[PDB]
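Given as structure tokens, the chain that follows is alone and in the form deposited in one PDB entry.
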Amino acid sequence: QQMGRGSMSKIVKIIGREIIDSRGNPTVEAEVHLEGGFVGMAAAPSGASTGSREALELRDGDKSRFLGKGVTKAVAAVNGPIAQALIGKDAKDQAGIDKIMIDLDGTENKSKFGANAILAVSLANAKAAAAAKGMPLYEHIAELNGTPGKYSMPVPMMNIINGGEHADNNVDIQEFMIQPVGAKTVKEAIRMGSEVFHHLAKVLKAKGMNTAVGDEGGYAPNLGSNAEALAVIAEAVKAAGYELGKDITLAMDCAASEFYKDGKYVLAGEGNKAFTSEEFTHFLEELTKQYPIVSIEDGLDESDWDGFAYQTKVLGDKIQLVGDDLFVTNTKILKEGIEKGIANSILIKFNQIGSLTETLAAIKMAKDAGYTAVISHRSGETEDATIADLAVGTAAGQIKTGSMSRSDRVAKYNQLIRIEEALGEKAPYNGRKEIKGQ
């Protein structure tokens, strides 16, 4: 006899704007407004170095503004054609909404409107619909994902020694990360993260090394070899009074694409030597004998599929192997990968494919093949904490959202603490068993 406000979930207004990411560069923010007075706001993150096959991040190319990195073109697409195509449609139909933007854009890689325009509206629509449905975003995502009320708190891998391209050289491997698998809650995990992060500062100070931080809030000191990065991390874990292996395991992103030239992998650090896919695989293998490294990401170039097949036969039984640039959150590429025994895990970045629907497809493909899904940030982040809710709503089991420094990283850790506060053991922290090969 009386209709609730919740039932008036038709899109009435969509606003795009240009905001600033954690590196000082424009990205796109979108608002979605429902008839019933429900609003959702979201932002696109930005990769520092993107995979070849990522959906297109549309930039202006206008030198007089933000050194060419403005996104007004992408925002215009939000405020006009996308807005006009979504007014009148039901926010609660995520897949319906994503399809209308995919079909209206019409290109394979979202090159007309920008993956950055379409994702911002996709995520903002999702938040609006959650509000209209009277639930928090993690709860709405679980329903959109076809796994209602099924939650976990993800085991984080925290990038605390930056390297390679987007640090300051000496170190070739892009990210060394700690995973607090020994924690019984994500709050405890986050504390253990903070402590080892602070103890590492003391260690680097002791050696006269720089304790300023890179894009992901980790340290970029000048180190003799890729190895020594692990060394200093081991010192910090002991100095915090945690036990390497039991309380904290290690993970890496090689971003091996960045140091691949003429079918060979070239390390500035460790001598200056060139390695074959096989030789590089054996180098990584050695590190996993000296240290408890249980996850290695982009261990080879995105286009070295023979390489990845070899690395997967050799290491894949003992070690989680994570596709990032390899799979770019794309079900077409992940499907080819599963079928060729390539990796056993995927890094989930919604802006590599550019819609939440196509993102949840990727997690489902992964989990149904017995691959793990790690919900991931980009080097270029915002105060947006969407990946926190996504990790919880999909029971992904793992998250990569940075060091324990910079609010571009820590907003996600804060959101995970808020969410665990609501859910308690309705979202268990499952620890080491989340990681592929444990």
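Don't overthink the numbering: it's just position in the shown sequence, from 1. The term rigid core refers to the most C-alpha atoms you can superpose between the two forms while keeping them within 1.5 Å.
As for the form deposited in another entry, it is not shown, yet the points below apply to it.
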Original post:
Among 166, 199, 367, 133, which is the residue that shifts its C-alpha 2 Å or more between this form and the one not shown, core superposed?
Top reply: 166
Original post:
When you overlay the rigid core, is the Cα of residue 52 off by 2 Å or more between this form and the one not shown?
Top reply: yes
Original post:
Considering a change of 3 Å or more, are the Cα atoms of residue 50 and residue 376 closer or farther in that other deposited form than here?
Top reply: farther
Original post:
Is the CA-CA spacing of residue 80 and residue 47 tighter or wider in that other deposited form than here, given a 3 Å or more change?
Top reply: closer
